[PDB]
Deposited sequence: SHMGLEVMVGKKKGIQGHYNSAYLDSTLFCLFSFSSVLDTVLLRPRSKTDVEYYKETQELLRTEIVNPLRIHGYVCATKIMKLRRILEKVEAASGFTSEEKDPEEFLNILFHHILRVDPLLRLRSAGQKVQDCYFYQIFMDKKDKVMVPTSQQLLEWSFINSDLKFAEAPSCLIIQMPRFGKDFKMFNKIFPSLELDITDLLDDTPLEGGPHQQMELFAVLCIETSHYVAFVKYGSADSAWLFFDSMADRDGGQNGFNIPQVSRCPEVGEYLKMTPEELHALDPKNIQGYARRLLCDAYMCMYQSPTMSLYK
């Protein structure tokens, strides 16, 4: 087992038929990280749903395993998962329709592998609230051109008075985006590490970013503590066959991402997207979800 396996064309989750909101998400959470592995392992309780075992089997052994071991997953297997998804919510259109990772994640986590909420948050010192991801919300004008996940998060935590009940193991943040037609910022500096000490009654590390310019999902993954340790994933990077055909996923190294995350925000603001080498453009411009975990890769 290793990394050389994971990289290249015909690697990662092969998408098919509006799958990217799923291929890319699954790739973020599982390809390299292990925050959520427990989910795949908790054995079957009485209390869980009828489908629970099957879901967990497909996920672990037909998806996550062969991802990590061979570096590839046929779309065949994704469609299965989709099917199950629909068995909860008939008229969801998980099998065909374009979806939001939030949608897909909620269904899966809450409804099938009922997973203890990843977050606990106390607004106004009032009752707690649980969820699986936080959406940044705030007011822009008085701010910078390119902020960081840190600032966003902080700023978002303020303006609706909130705080973490307890340290999360795994923190998924959605960028400030009003649909296809509205980014709040052209560029966002994803904080490599995240200090939440101020935001509970210490430290968290960035392990993947999920991107989308307007309508297609692709993913970046931190596989190492190293600056260069980044990969880019596109489930439908290429095709063979006509209308009758099949997609080919690809996974590519992109150290550049690292290099740019050593530059500053005011420095990246000055930069034109057409001058941002390699795949970095999409990370800095098309961030949808940033994903943090309690540190493992980090040294020191």
**Message:** Missing C-alpha coordinates: which residue stretches of the deposited sequence does that apply to?
**Reply:** 1-2, 204-212, 312
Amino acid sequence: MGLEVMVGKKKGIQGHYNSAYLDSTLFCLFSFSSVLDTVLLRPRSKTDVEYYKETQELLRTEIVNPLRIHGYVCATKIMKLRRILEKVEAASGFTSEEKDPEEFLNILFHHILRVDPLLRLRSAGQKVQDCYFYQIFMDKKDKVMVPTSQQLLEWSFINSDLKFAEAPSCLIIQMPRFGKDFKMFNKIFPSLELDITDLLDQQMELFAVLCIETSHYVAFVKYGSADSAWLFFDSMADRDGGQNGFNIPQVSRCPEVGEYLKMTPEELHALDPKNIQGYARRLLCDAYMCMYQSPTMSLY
From here on, numbers count along this sequence of modelled residues.
**Fill in**
Taking the deposited Cα B-factors and averaging over 20-28 and over 5-13, the higher mean is found in 5-13
**Request:** Compare the mean C-alpha B-factor of 66-74 with that of 45-53 as given in the PDB entry, and name the stretch with the higher value.
**Result:** 45-53
**Fill in**
The residue of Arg82, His216, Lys187, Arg114 with the maximal C-alpha B-factor according to the PDB record is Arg114
**Message:** Looking at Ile173, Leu152, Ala229, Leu121, which one carries the largest C-alpha B-factor according to the PDB entry?
**Reply:** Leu121
**Among modelled residues of the same chain, the CA temperature factor third for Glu256** = middle
**Request:** Using the B-factor values recorded in the entry, state whether the Cα atom of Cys131 falls in the lowest, middle or highest third among the modelled residues of its chain.
**Result:** highest
**Complete:** On the chain's distribution of Cα B-factors, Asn244 falls within the third called highest
**Prompt:** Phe182: which third of its chain by C-alpha temperature factor?
**Reply:** middle
**Prompt:** Mind checking which third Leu108 falls in for C-alpha B-factor across the chain?
**Reply:** middle
